[PDB]
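Analysis of the macromolecular model
Here are the chains, one letter per residue:
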Amino acid sequence: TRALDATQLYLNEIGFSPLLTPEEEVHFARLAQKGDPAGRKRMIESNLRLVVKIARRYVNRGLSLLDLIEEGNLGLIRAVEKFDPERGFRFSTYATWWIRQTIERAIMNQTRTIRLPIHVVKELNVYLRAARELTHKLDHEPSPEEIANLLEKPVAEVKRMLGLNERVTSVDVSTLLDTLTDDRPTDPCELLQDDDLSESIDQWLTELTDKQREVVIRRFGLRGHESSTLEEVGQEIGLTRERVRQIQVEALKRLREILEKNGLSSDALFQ
Amino acid sequence: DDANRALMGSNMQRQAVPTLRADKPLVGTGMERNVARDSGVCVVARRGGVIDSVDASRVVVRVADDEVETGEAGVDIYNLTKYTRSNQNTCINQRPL
Amino acid sequence: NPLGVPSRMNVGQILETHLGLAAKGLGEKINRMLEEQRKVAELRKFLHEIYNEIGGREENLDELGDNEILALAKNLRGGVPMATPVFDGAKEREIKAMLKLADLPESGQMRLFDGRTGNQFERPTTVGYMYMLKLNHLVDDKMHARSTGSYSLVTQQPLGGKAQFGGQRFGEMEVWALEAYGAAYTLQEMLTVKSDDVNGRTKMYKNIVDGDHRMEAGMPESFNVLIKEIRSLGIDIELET
Amino acid sequence: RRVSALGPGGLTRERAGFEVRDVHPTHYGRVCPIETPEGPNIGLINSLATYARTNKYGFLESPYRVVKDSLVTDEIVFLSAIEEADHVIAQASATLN
Amino acid sequence: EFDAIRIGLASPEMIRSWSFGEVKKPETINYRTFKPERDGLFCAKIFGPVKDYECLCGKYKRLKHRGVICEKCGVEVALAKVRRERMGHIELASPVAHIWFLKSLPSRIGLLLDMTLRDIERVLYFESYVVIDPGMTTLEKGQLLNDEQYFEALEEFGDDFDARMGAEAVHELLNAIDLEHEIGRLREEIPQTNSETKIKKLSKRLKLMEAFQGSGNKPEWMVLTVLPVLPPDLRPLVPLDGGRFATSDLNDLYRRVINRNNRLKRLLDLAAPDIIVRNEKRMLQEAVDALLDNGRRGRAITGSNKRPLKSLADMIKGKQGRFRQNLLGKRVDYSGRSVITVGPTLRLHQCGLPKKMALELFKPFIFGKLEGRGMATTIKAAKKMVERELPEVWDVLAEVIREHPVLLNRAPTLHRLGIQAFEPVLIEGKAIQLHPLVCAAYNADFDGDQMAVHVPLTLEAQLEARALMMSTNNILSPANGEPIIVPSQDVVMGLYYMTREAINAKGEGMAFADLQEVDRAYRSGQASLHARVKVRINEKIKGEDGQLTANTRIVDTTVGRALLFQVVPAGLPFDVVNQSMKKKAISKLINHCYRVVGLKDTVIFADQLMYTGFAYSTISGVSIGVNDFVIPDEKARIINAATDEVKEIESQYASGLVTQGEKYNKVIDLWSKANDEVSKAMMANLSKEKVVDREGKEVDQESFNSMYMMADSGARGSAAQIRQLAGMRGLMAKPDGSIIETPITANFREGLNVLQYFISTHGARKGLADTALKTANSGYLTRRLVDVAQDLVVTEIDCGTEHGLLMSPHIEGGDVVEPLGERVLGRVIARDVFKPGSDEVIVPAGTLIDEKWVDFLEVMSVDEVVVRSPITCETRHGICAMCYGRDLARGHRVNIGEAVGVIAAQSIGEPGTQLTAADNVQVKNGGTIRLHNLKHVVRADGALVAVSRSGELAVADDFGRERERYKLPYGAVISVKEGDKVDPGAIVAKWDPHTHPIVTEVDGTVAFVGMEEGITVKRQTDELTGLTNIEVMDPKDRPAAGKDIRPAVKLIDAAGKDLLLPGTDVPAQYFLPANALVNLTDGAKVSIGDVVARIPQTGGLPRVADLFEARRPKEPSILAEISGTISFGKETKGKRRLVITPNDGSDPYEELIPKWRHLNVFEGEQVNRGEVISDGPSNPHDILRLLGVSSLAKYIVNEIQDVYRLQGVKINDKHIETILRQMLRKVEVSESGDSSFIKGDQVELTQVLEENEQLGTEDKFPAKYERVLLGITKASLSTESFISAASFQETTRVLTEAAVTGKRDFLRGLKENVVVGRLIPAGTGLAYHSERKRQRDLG
Ligand SMILES: [Mg+2]
Ligand SMILES: [Zn+2]
Ligand SMILES: [Zn+2]
């Protein structure tokens, strides 16, 4: 049988494209500067026969083979719009400078799941070269002090940059999905404990004095109202900030004594 | 015995745990003596001689003048290993006799 | 249990018990002879009546008189070790000859007295010494129990292998056993409420503490995953209808 | 001493069948017929014998005594597997005068 | 509630309704802070927040307004579980076709477009041009076009020609496909074409287009413009220790399709040429391919991973084949496991439970008693009290556990008795105690087995474990009526020693008053345990129900037999105790106690036997010693005599008198004859070894040896195992299949040699290798039988049918194997039972046969009674309880709601772990000979020779029933003796199977007609005038001229008149087959019935599983199609075709058979369509379509029972016939008229459609059908629900078929409700479904 591969079916169409001549490419760039829909479309196919050889050199990266071909095409479109016919330079000589920059522009943005700005990727590739160069002259395992010595960088800075290269492996590849748990509480006994504890707090604040309960419900917001500070709650009940603070300690001791005689220990709550 | 019970009997001796007190079996097959020497857990004397000093941690023996070189004749230190964590989480120790 | 001999045919297990009685039986006569302060010349005759009497290898008359006799008598006071090859073992006539030397019944059986009722047994039983072993199958690593623990993210199922664990997987063959009976509330309990129900297990735990045994319908968490995964393929599911 | 038949370049547990998981009359003195770990892998893993010795090419060899027409000499030779079909191997225990 | 789930294609308008936003950016998280951003895969604007009631800015965090939306950003406040329901969708620039319609073998797009699988792919990849909407143009829609071909088409046409290429060209045709007009083109051309490959293609076109319109589906819904995305909670990013995190494989697939979509969304206004606009679309089409499924076509790979990417198709299937991982196993709470331990001081209705497990399993129950009492008001204070284990916690722990039953089950469960509820009792230790009597049902020994535990919670589950799953209710086995709680090996041994009789013992001849006075003398020591005494008993007879009478009777029994009567209740007589009380004696005692007293007294009687069995066994000194294995003195005489006979045989082999082929048979027959001679002399010495002396001379009694007690009682051991200890082992089997000529002389007591022990390893390793494979085959067999018997639930109470099957005892063979009373026990009667005399009735109607009716039918001479079988009762949606027999576990009738389909499949797979001449007729009994289905004419000599191949010899006893029925071959000479008593061993037939007898009913002169010399007949004689006859020639060795000539020796009168046999106008003629030797020459008188010519003539799990799959064997038997005249085909044509011509109606159609198999080459005989022609294996496919349905059900039960009865197990016939009902549900139609020609419809679906259409003016709207047998693998997939077909196997093909059809699922089965979460419609869940349909039917 025959498999309709994306790489084989694309390279077969390249053979049906004529070569670009240096005498006609200069005349074609003159028609493209004035403005013509067929001139830019025809000239785009001339420099297209080079994208299959440039992208074939770069391999073993995060992008697939088909992504390097489509990305290289966007480089010649931005390069064919800006051309100098009076300078006499070759159109293909200027196109090979933009496709190389466009390939490296997309090789660092789609290689990792986390989007990283240009300020932090320009340091990982340099450290990747430094980690490969220092490992060749030493022929041993590179340490953290060796990287900070050759690059003349602080020891604390080289540790954070090397930690950004996560390179997360697979999960379903064994499973790992069954062994992992959740950070949030999901135990039925723990959820019932938070229910009985919260219901006892609203019950304890109501069984105490009515005056000692409304001064703490507005400060911390245990009853559900909006929380207030010492100055915000002053204009509500009492402007004397010193008098409303003395009753807070008295209500704090009453809630502590009512908790010890209730059968619950404070040291057993934290455990 | 039957051939079926001989296959199951060979597995009971394989998954055996060393007890605290070791007692020699009253009935044996003769291969129980040649099986402990070939194993690496027993300490076998390399150079024969008179035992100068013995302890629960090390055993020092004095090499005779016959089976010895010209210099450094009585130089042999046998350090007995203490309880270490084995692969199956079982104690391993050596006792002088 | 003596009922395991006919089916699990191991005759060597019974012959080992009879031979083990003569090993410990002869060891008591040597240890008792030391307490009588007998002469060294009398102990060498008793040792010659053991190694140089039955057929096999006999080694003696090659050790020191006083030094080596007290060393062997103190080591053989807990049983005389016997060697029996895998295919050159002792016949039945040689085993009975050793019991005669230790003043023991050659039949290998003796009537034992009970300790609870105190009456003597009607039939004689077989006693002896058998070398037993212990396998690495302790119950501390096998006993497990867990009421409530942690769950996963994709499927709200109980976990295992952590610090706190211990659970039984309700396989498919366990389901066909409940369908064979008339049980319907028990099969739905251990499949929808006791597992794969976040809001179901929360309300069920509160009903047990209050003292009200009731069950809510809920929705299995293992079924909601199949609905969302089958909809991404483009297939529509009218679950509500 | 345990020798297995699984691993790289060997049959697995499923495609074994019944021929690989069976004993052959040529296992006399080379492979233990009664020692085999029970479970899913029965017959694939089999331990060696006591007097088992590897050959020059890599085959298994077993020691045998040289028997003449008049008496039995003390010459002990190691016989291979394919060369054992010609000679008549007697029993280990026989009547001796 | 909810029901009626649907499956259909998604519409572009419906996808935009479930979505909450549009995603366009692959970025989802930030490196500075681990919080999601806007327009991402884990974003909070479309999906829910990362936590409960929070937003991105963090301004509103209150609980007052949960539904409010944030004004600063687009993320609103919600709960944490909302991230599982919300989802999004991506906007694609170009539509892409899915792979579900192209992955399966029949392409769903090609059948609707009249295109192939390769052609529909060439258009989507921009490889070829197609034209649409031609109108007034010669170009067709199905024809292809190239780049140069499309340009030349526009020059000759000029206009009205639009050639489009890509996915839009395919979608442009589906909108104007004219499905209403496309069906008319195929229906109008249906009678025009006449082909086999074209008719099958026509049926698939009409059956799919009818379901496409009847479901409300649209053609444009196949291709989707937008693609929904999975919620982020199913593919999370969970961090672990070390600052690292994990990303699922699905996040990489979604990232690849999003960035490529933006590369196409930004190249719509850059004036892209044709070279790249065709390749950039394929980059998106391959991304959707890798997202749906991998490994088939794309097989995409990633970095640092050799395994392919887990797509959405591989995550739903998982491992274990097509079954999901969640369905095969689901973790549950309130469970545990430990090591078992036997406890003799436990009751039958309870078990043991450690204190450390009861405190963890019942943790929520303890918190409910501490708060209700008033000790701990806060649940936190009660948690600290149960962990410290104070003395007060142990008080409430024993109070909450008093009558709350728990469940116990082993890891492997093969039957319903694996899960039995028990009442936990607090013990001290770390092991779970179990009752010693229930270990026979669990099939577990105390050798390290671990059992599970479960705790019910709701009040409905506590009442369920006390009514059906209790240990006291499931006493009888689900396979047969024999109880499974029968005393085990140890307790039977104690009871066998008690019921003994000694000739001389202490305290013999004494007289005791009552059982209480007899027990007082035994404890004092003045009376032995087994001694002949004379006691008076007090027993009650229960012959009349409701009344109990007492009577005193003095019997002569022993002291041990009198103590056992104190255990059995007074409802049973004394004759059930005076026996030896073996293992089979107690099995019949519990079965008799269960059907006389009841169940409340049986549990107490079964528990008291374990106490009295163990108490009297500990006082016995039963021990196995070396002196117990006695050796008979006759062993040395037989071995020395057999060794001298072999020396005479081997000496003759070197001379040349005896060959090696016969020496092997003589040696294995000499040592075998010597093997039984030692066993007979060994058992005769062991049974009478003990010699007692009394009153002078000694006497002989049964030996009291320890080894003989374990064999006579049957508690542990067998009779064949004694021959290996005290006797010779005999011949052994080699792994290749042969037997060694020399046996093993020694035994286990004397010791084996080095070479003799090596022989016993061949049979031992093969036995240990089989027990590792039967666990996989038996587990696979019970899964295929239970998947086809799930929808069979008893729901009706009165059907009203009058059909059934004839039941007859096992009369085949020399003696009876299975009586009639053991076959119809519990099965109701179908019709009226008639006495031997007319105008008499025994059973009036279909009453349930019980133990009272078994003895009533055994006293009469009735033997052929018809019963109601599950293969009958053609009602739909279950099986009526009337036609179904009695319950196997309960003594009463089967109630409404019991799932008899599951208990029938488990009863077959339960015993799977245990399962691995004819010259003359000599009768063994005496009686009147009665012939049935045998036509024999009179003989002039008086021998009464019958040349018919159909016949059977049956001898009737004095009662009138056929005791023994033998098989009579063709051409057998038998003398009739009807009305005369026959002696035992008298010869009735003297036939010879070496030569095929040929006889002719015509009596007269015979002359050969149509015989040519040198072509058909050859004058060949033997040497020295040994045989002087006429030998015929073969059909293949003959010449070309005598190939079509067939000899026919016609018989006429001696005077010259043509003689013909009555019945047929064709005169009788003698057959002349090939290689035949006729001794009587032509022209001589021959007697009637004389010989005319002389013509010379696995097992196990794969055998039982072959009958349920309807697998055709390698060599199938050849039978006849229509009865009539039998002849021989032409040998020159190469295909023997036996033409038929019945007297009633001539049928020109016939069949052809190849010349590879030679059988029944006789020219001229009867057809006998029911009788087989070619001897060999018979296929069940040809039996159903020839005789009917009653013989196929009788043949399956007969062959299946012959495989299970070989090992020793006993399975009732109700479970074998239950599976036969589900396999015979599919039928085929020949002339429908109202539906398709060849289709698969159910029998119940065709019967309801036939009866409704008959009620009309034409009275001929109905059609005819034919029954067809299907295997268990093909009948499982033939279900209406797609859930049952997806969980079995191949969930990919069934998921695509339900999409294009639009089937509405009705949840009314067992496997369909366990995945949704509702109650099962079987068992106690039937009352819940009865109220649901009642409310739904009202409106
Ligand atoms: Mg077991
Ligand atoms: Zn916000
Ligand atoms: Zn019925």
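Residues numbered from 1 in each chain as written, not as in the entry; some residues may be left out. Chains lettered and ligands numbered in written order. Part of a larger assembly, values for the part shown. Heavy atoms only, no water. Residues with missing side-chain atoms left out of burial classes, pairs and counts.

1. Some points on the sheet that holds strand β22 (residues 928-932) of chain E
All names here are of chain E. Judged by pairing direction, the sheet is antiparallel, and its three strands sit side by side in the order β22-β24-β25 without closing on themselves. Each having just a single partner strand, β22 and β25 (962-967) make up the two edges of the open sheet. Taking the axes of each pair of neighbouring strands and ignoring which way they run, one obtains an average angle of 25° across the sheet. Taken together, the five bridges between strand β24 (residues 952-956) and β25 define a ladder with antiparallel strand orientation. Pairing of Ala 954 across the sheet is with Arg 965, part of β25. (Pairing = 2+ DSSP bridges. Helix = DSSP H or I, 4+ residues; strand = E, 2+ residues; numbered from the N terminus. Axes fitted to C-alpha atoms, helices over the stretch in contact; angles between N-to-C directions.)

2. Description of the UniProt feature "binding site: Zn(2+) 2" in chain E
Residues and elements named next belong to chain E. Here the UniProt feature "binding site: Zn(2+) 2" sits at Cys 799, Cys 873, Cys 880 and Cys 883. For this annotated set, covering 85 residues, all C-alpha atoms fall within 8.1 Å of each other, a compact arrangement in space. Assignment of secondary structure puts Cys 873 in the loop between β20 (865-867) and α32 (900-909). The contacts of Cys 873, once residues within four sequence positions are left out, are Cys 799, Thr 801, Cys 880, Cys 883 and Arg 1221. Tracing the sequence through the fold places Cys 883 in the loop between β20 and α32. Other than its neighbours up to four places away in sequence, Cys 883 contacts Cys 799, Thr 801, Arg 868, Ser 869 and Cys 873. (UniProt positions renumbered as here; feature names shortened; annotations may be inferred. Contact = heavy atoms within 4.5 Å.)

3. Thoughts on the environment of B:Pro25
You can see B:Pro25 is positioned in the loop between α1 (3-12) and β1 (27-28). Distance in space between the C-alpha atoms of B:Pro25 and B:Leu7 is 21 Å, their sequence separation being 18 residues. Ignoring anything within four residues of it in the chain, the contact list for B:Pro25 reads B:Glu32, C:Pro81 and C:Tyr131.

4. Side note on the interface of chain B and chain E
Listed as interface residues are six residues of chain B and, on the opposing side, seven residues of chain E. Per-class residue counts for the side of chain B that touches chain E are three nonpolar, one polar and two charged. (Nonpolar A, V, L, I, M, F, W, Y, C, P; charged D, E, K, R; others polar.)

5. Some details on unusual backbone geometry
Phi at B:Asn89 takes a positive value of approximately 60°, unusual for a residue other than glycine. One can find B:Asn89 in the segment after β4 (77-79).

6. So, the interface of chain E and chain C
Facing 132 residues of chain E, the contacting portion of chain C comprises 97 residues. Here the side of chain E that touches chain C is composed, by residue class, of 74 nonpolar, 34 polar and 24 charged. Inspection of the sheet shows strand β4 (residues 144-146) of chain C paired to strand β8 (residues 335-342) of chain E by three bridges, in the antiparallel sense. Bridge pairing links C:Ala145 to E:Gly336 in β8(E).

7. A closer look at the arrangement of the chains
In this assembly, seven pairs of chains are in contact, and the pair with the greatest number of contacts comprises chains C and E. Separated throughout, chain A and chain B approach each other most closely at a C-alpha pair spaced 24 Å apart. Over all C-alpha pairs, chain A and chain D never come within contact, reaching a minimum spacing of 20 Å.

8. Here's the deal with the packing of helix α3 (residues 40-51) of chain C against helix α4 (residues 66-75) of chain C
Describing two packed helices takes the angle between their axes plus the distance from one axis to the other. Residue and element names in this part refer to chain C. Relative to each other, α3 and α4 sit at 55°, their axes nearing to 10 Å. By the criterion of interaxial angle, the relationship of α3 to α4 is oblique. Considering how the two elements wind past one another, α3 and α4 form a crossing that is left-handed. Residue-level contacts link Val 40, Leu 43 and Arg 44 of α3 to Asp 66, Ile 69 and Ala 73 of α4. Of the residues that constitute the contact of α3 with α4, the class distribution is four nonpolar, no polar and two charged. (Parallel < 35°, antiparallel > 145°, perpendicular 65-115°, else oblique. Left-handed = near helix turned anticlockwise from the far one by under 90°.)

9. Some points on the pattern of salt bridges
In this structure, A:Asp195 engages C:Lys206 in a salt bridge whose closest nitrogen and oxygen atoms are separated by 3.9 Å. Separated into two different chains, A:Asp195 in helix α11 (residues 188-207) and C:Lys206 in helix α8 (residues 198-210) make up a pair that spans both. Here E:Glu286 ties to E:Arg260 by a salt bridge, and the two come within 2.4 Å at their closest N and O atoms. In this pair, E:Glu286 is assigned in helix α11 (residues 280-292) and E:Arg260 in helix α9 (residues 249-265), connecting sequence segments 26 residues apart. The structure contains a network of salt bridges with shared partners spanning E:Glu818, E:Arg823, E:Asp1202, E:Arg1205 and E:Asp1213. (Salt bridge = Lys/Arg side-chain N within 4 Å of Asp/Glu carboxyl O.)

10. Points about the UniProt feature "binding site: Zn(2+) 1" in chain E
Residue and element names in this part refer to chain E. UniProt feature "binding site: Zn(2+) 1": in the numbering of this structure it lies at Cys 55, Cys 57, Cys 70 and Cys 73. In summary, the annotated positions, though distributed over 19 residues, converge in three dimensions, the widest C-alpha pair being only 8.8 Å. Once residues within four sequence positions are removed from consideration, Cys 55 is found in contact with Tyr 60 and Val 75.

11. Points about the packing of aromatic side chains
Two measures describe an aromatic ring pair: the distance that separates the ring centres and the angle between the ring planes. Relative to E:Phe365, the ring of E:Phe362 lies with its centre 5.9 Å away and its plane at 70°, an arrangement referred to as edge-to-face. Here the guanidinium or amino end of A:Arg42 rests over the ring plane of A:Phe28, the centre of that ring lying 4.1 Å away. Sitting above the plane of the C:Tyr151 ring, C:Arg201 keeps its charged end 4.0 Å from the centroid. (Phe/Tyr/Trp six-rings, centres within 6.5 Å; stacked < 30°, edge-to-face > 60°. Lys NZ or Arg CZ within 6 Å of the ring centre and 35° of its normal.)

12. Here we look at the packing of helix α15 (residues 363-373) of chain E against helix α16 (residues 379-388) of chain E
Residues and elements named next belong to chain E. Two numbers describe how α15 lies on α16: the axes approach to 10 Å, and their chain directions differ by 120°. Between α15 and α16, the interaxial angle falls into the category oblique. α15 and α16 meet at a crossing whose hand is right-handed. Every residue of α16 that contacts α15 at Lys 363, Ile 366, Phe 367, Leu 370 and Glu 371 is listed here: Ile 379, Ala 382, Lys 383 and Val 386. Class assignment for the residues of the contact of α15 with α16 results in six nonpolar, no polar and three charged.

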